[PDB]
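Below: one structure, written as structure tokens.
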Amino acid sequence: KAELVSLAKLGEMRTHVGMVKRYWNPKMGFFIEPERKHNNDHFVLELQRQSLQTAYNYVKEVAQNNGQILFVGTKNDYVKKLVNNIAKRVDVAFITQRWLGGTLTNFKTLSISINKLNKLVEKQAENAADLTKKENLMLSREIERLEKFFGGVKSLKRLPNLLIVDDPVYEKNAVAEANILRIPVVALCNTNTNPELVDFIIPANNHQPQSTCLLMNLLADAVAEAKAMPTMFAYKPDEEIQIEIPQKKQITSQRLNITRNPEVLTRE
Amino acid sequence: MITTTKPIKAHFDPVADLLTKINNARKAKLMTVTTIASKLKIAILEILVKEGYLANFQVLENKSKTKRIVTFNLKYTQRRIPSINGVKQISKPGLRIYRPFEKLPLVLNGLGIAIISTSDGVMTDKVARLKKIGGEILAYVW
Amino acid sequence: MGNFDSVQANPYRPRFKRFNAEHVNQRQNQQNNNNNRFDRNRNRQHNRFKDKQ
Amino acid sequence: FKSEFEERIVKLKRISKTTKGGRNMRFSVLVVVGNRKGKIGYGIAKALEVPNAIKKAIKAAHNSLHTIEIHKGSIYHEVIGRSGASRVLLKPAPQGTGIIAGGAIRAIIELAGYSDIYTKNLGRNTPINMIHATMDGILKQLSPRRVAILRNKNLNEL
RNA sequence: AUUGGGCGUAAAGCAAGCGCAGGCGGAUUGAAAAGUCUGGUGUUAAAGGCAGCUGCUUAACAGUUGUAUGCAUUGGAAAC
RNA sequence: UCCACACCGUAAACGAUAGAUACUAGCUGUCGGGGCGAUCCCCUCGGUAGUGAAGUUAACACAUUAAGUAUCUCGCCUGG
RNA sequence: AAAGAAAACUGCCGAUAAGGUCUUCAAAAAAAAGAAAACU
Ligand SMILES: [Mg+2]
Ligand SMILES: [Mg+2]
Ligand SMILES: [Mg+2]
Ligand SMILES: [Mg+2]
Ligand SMILES: [Mg+2]
Ligand SMILES: [Mg+2]
Ligand SMILES: [Mg+2]
Ligand SMILES: [Mg+2]
Ligand SMILES: [Mg+2]
Ligand SMILES: [Mg+2]
Ligand SMILES: [Mg+2]
Ligand SMILES: [Mg+2]
Ligand SMILES: [Mg+2]
Ligand SMILES: [Mg+2]
Ligand SMILES: [Mg+2]
Ligand SMILES: [Mg+2]
Ligand SMILES: [Mg+2]
Ligand SMILES: [Mg+2]
């Protein structure tokens with residue numbers, strides 16, 4: 001008898017709209033609607049909810065049983081602040097900046113680095129008058145850099161047991177590391193992704209600052225319910241889900257800018 | 001009443017035609033394929049479904065009773081990996097392979113199947129050994 | 001013959017299932033291995049007294 | 001790595017690059033690690049010294065360990081392993097013949113656990129490619145229980 | 001390299017076409033039975049071959065019994 | 001070097017890839033026939049290109065116009 | 001009163017006796033878990 005999001009809301013949030021047909025992976029035919037007679041790629045809403053429920057279900061056992069989940073979103077600006085918001089709400093590790101090569105497969109070196117970050121931070125907190133002005137400013141800037149590139153990974157001390165990816169295409173490095181190390185990875189495929197790399201695919205958009213935010217909070221909501229703090233969007237009515245469209249024609253999802261793809265410089 | 005949309009043509013060799021169709025479908029992960037129907041192809045496919053490499057095979061006829069095409073599907077598991085591993089044809093046109101009963105081959109130490117049509121239509125190698133009778137050897141399927 | 005349209009359109013299905021919770025049996029097999037280490041040290045102590053008179 | 005895993009050298013080549021005057025020389029080792037019960041891996045490493053090359057090769061071999069299943073000590077069905085231009089033929093053998101292998105395959109067969117095995121190297125003589133071909137042949141093996149689950153028969157009965 | 005290989009860049013696709021003989025050759029039905037499979041009989045000299053045994057002090061060796069391969073004829077099978 | 005009529009028959013005569021047949025993701029162009037009816041653009045059937053995964057290769061690379069999965073036939077190769 | 005570009009340019013320029021090091025080698029490397037004990 002369990003419920004979830006509403007079907008009218010999915011249609012209205014634009015989570016059933018993918019990308020332009022010119023850009024599409026042939027392996028995504030199962031989820032696509034009757035695109036045979038359709039302009040821009042879309043998805044099925046029933047399949048969407050089933051996939052969302054499965055991903056929701058899977059993340060909750062992990063978060064209740066004290067697993068470590070890692071969020072990596074280094075795409076549009078909105079997504080960085082979006083990923084930051086889940087971190088404030090739940091004490092989950094995050095990677096908002098660029099995914100370092102071998103963040104998971106060569107965890108030893110990055111573990112040493114984050115240990116250096118923590119050690120430098122605590123000495124500075126303890127303070128001394130020897131620090132003076134010049135060296136302190138130089139020291140402050142290295143500290144700033146290790147939080148900007150490791151500020152969300154410092155908490156965890158072992159490889160995460162699950163990954164949540166905003167775009168499997170953009171995070172090809174992250175999903176490859178997860179696949180080689182046999183770690184579950186979920187992603188929001190957008191018609192142009194290889195289904196083998198992702199584990200729990202959740203057919204949805206990725207270019208709309210509204211669809212993305214809605215789905216990311218839903219997964220965060222599973223984690224939040226497992227951690228025993230009140231939910232934000234999941235298992236909730238109409239009046240409280242309304243969200244706004246960010247500024248900076250009109251919010252849409254057409255992929256254009258094709259003129260910026262000429263022939264690779266050649267000739268002789 | 002099953003409808004189609006594409007014209008159906010086929011290669012001339014009926015054993016390797018099916019073999020090419022099956023191997024290509026396996027490699028490309030395809031499920032539904034079509035080909036022209038012949039009694040040899042129907043009979044060899046019948047023992048194939050009895051030996052358990054393919055699931056269903058339905059032959060249909062035109063409204064005039066002049067053409068028949070057999071459309072078979074493969075038995076994929078839940079994780080989408082096939083049951084067929086490899087097909088290879090022996091008695092190709094030109095060089096026909098004739099082996100007596102005593103020299104009937106054993107495929108992959110008996111795991112695979114050898115297809116032999118001796119005198120009572122096509123028949124698997126194990127039942128051919130039981131009958132102690134041999135003959136034409138079409139292809140190795142494992 | 002054999003037609004049954006089973007329908008298995010659940011491809012690329014999830015392999016992982018639960019959150020490594022099956023490890024409950026790995027903790028019980030590690031506890032049983034520690035009890036066999038405590039009894040082996042009592043019997044090595046009793047054998048040092050017959051070779052000293 | 002905590003197993004009967006034995007280590008052995010299967011080839012030691014001497015690679016070198018050229019710089020702005022002189023030649024940087026590093027030793028390369030091809031180590032085969034196997035517990036002789038069904039776990040075996042291979043590791044090729046390069047280093048400025050033989051001990052370090054060996055150290056890196058042994059570390060790599062234990063990181064990549066494949067699982068091996070045996071039937072009566074031998075291989076169930078004849079198989080040809082292909083890797084580049086190297087083709088290695090493996091054939092089931094009766095209990096008694098011994099390991100009729102030679103070179104990289106023989107090292108692999110002993111370290112894997114297999115006893116009776118008929119082999120012939122049908123291709124090139126570069127140790128890494130025969131082992132690649134050897135590993136491909138052993139990993140492509142089909143058990144007579146996986147085919148049973150697939151084709152739905154009774155364990156091994158006809 | 002029939003089993004058991006290749007011809008873009010390592011040897012090797014004729015400059016291209018019209019093409020007889022040759023090789024291969026749609027689907028279905030009937031007959032015949034040349035291929036194909038199988039049963040019976042004859043033969044394929046002896047020595048040698050492989051197995052067992054005996055005799056030489058055991059062996060080497062010798063003897064001993066077993067041990068195929070093909071052809072022809074006859075009686076059936078009808079999938080190619 | 002040009003023209004007419006007679007020969008010569010070789011070229012990096014190259015896509016350095018014989019012809020025929022069956023199957024195997026997709027995307028971007030362009031050309032022809034056909035369907036609709038402003039062009040443009042959409043679909044179908046073909047020809048000619050680019051990109052591109054499984055697949056193949058020693059690698060470069062090929063990749064529905066294959067150097068992929070297979071069959072038939074011809075020509076050719078066997079160290080310098 | 002913007003759509004411009006802008007332009008190469010050439011003199012001459014040949015050769016380098018023979019055979020020759022250099023990777024020796026990985027076998028791989030010494031020691032913690034002990035205790036300790038009654039006796040009439
Ligand atoms: Mg200099
Ligand atoms: Mg050759
Ligand atoms: Mg050549
Ligand atoms: Mg040519
Ligand atoms: Mg030529
Ligand atoms: Mg012609
Ligand atoms: Mg002719
Ligand atoms: Mg025919
Ligand atoms: Mg004789
Ligand atoms: Mg004798
Ligand atoms: Mg010439
Ligand atoms: Mg030309
Ligand atoms: Mg290309
Ligand atoms: Mg010569
Ligand atoms: Mg002058
Ligand atoms: Mg000079
Ligand atoms: Mg001179
Ligand atoms: Mg040594």
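As a convention, Cβ positions derive from the backbone with ideal geometry for all residues, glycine included, and neighbour counts pool all protein chains shown. A short reminder: the numbers here are calculations on the coordinates, not readings from a lab.
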Cα-projected label distance for C:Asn41 with B:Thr34, points at 7 Å along beta-carbon direction, nm:
7.8
With Cα atoms, 0 to 90° folded angle of helix D:127-139 axis to chain D main axis:
30
Of every Cα-Cα pair in the stretch D:115-158, the percent that sits beyond 14 Å
63
In sequence order, calculated HN-Hα J values of the stretch C:9-20 (Karplus, 6.51, -1.76, 1.60; Hz; x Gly/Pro):
6, 10, x, 6, 5, x, 8, 4, 10, 9, 8, 6
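Please find the FRET efficiency linking A:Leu131 to A:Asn85, where r is the Cβ-Cβ separation and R0 is fixed at 60 Å, and quote it to the nearest 0.05. Before the final figure, lay out the partial values.
Numbers: r = 34 Å, r/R0 = 0.57.
That gives a FRET efficiency of 0.95.
Order of B:43-53, D:102-112, C:32-42 by packing, highest average Cβ count within 10 Å first?
In descending order of packing, they fall as D:102-112, B:43-53, C:32-42.
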If N is the residue count of the stretch D:27-72, its Cα Rg over 2.2 N^0.38 Å rounds to 1.28
Using a Debye calculation, one point per C-alpha and no hydration shell, please list log10 I(q)/I(0) for the stretch A:47-141 at q = 0.11, 0.12, 0.19 Å⁻¹ in order.
-0.54, -0.63, -1.17
Any idea what the dipole of chain A comes to, in debye rounded to 20, about its Cα centre with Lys/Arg Cβ at +1 and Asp/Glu Cβ at -1?
620
Got the relative contact order for the stretch A:39-147 handy, in percent, Cα pairs under 8 Å and 6 or more residues apart?
17
Segments B:8-17, A:228-237, B:121-130 sorted - mean Cβ within 10 Å per residue, highest first
B:121-130, B:8-17, A:228-237
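Taking the Cα centre of the protein assembly as shown as origin, sum charge times position over the Cβ atoms of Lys and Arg (+1) and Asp and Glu (-1), and report the length of that vector in debye to the nearest 20.
Details: 102 positive and 53 negative charges, 453 e Å.
Here the size comes out at about 2180 debye.
Given the C-alpha atoms of the protein assembly as shown, compute the convex hull and give its volume per residue in Å³.
362
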Among A:115-127, A:74-86, how do they line up from the highest to the lowest mean number of other beta-carbon atoms within 10 Å?
A:74-86, A:115-127
Taking the stretch A:118-189 and dividing mean pair separation by its residue count, relative contact order in percent (alpha carbons under 8 Å, at least six apart):
26
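Could you line up C:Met1, B:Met1 from fewest to most neighbouring Cβ atoms inside 10 Å? Write out the running numbers ahead of the final one.
Numbers: C:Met1 8, B:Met1 3.
If I rank by nearby Cβ atoms, fewest first, I get B:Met1, C:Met1.
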Going by how many other beta carbons lie within 10 Å of each one, how would you line up D:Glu4, A:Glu225, fewest first?
D:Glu4, A:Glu225
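Using Cα pairs under 8 angstrom and six or more residues apart, how large is the relative contact order of the stretch A:1-90, in percent?
Working: 47 pairs, mean separation 18.2, N = 90.
The value is 20 percent.
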Among the listed pairs A:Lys172/B:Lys27; D:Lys46/D:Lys120; B:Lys9/B:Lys75, which are separated by more than 27 Å between their Cα atoms?
D:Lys46/D:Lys120
Of B:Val122, B:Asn85, B:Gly134, whose Cα points farthest to the positive end of the dipole of the stretch B:36-142 (charges on the beta-carbon: +1 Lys, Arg; -1 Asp, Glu; origin at the Cα centre)?
B:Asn85
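Over all directions, how big on average is the projection of the convex hull of the alpha-carbon atoms in the stretch A:146-258, in square nanometres? List each step's numbers first, then the result.
On the way: hull surface 40.5 nm².
Dividing the Cα hull surface by four gives the mean projection, 10.1 nm².
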Along principal axes, largest first, the alpha-carbon spread of the stretch A:32-98 in whole Å comes out as 45, 30, 18
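Go ahead and run the numbers for FRET between C:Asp51 and B:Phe101, Cβ-Cβ distance against an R0 of 60 Å, rounding to 0.05. Don't jump to the answer; show the numbers that get you there.
Details: r = 76 Å, r/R0 = 1.26.
That gives a FRET efficiency of 0.20.
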May I ask you to list the residues of the stretch A:14-34 whose amide nitrogen lies under 19 Å from a point 7 Å from Cα along the Cα→beta-carbon direction of A:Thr266?
none
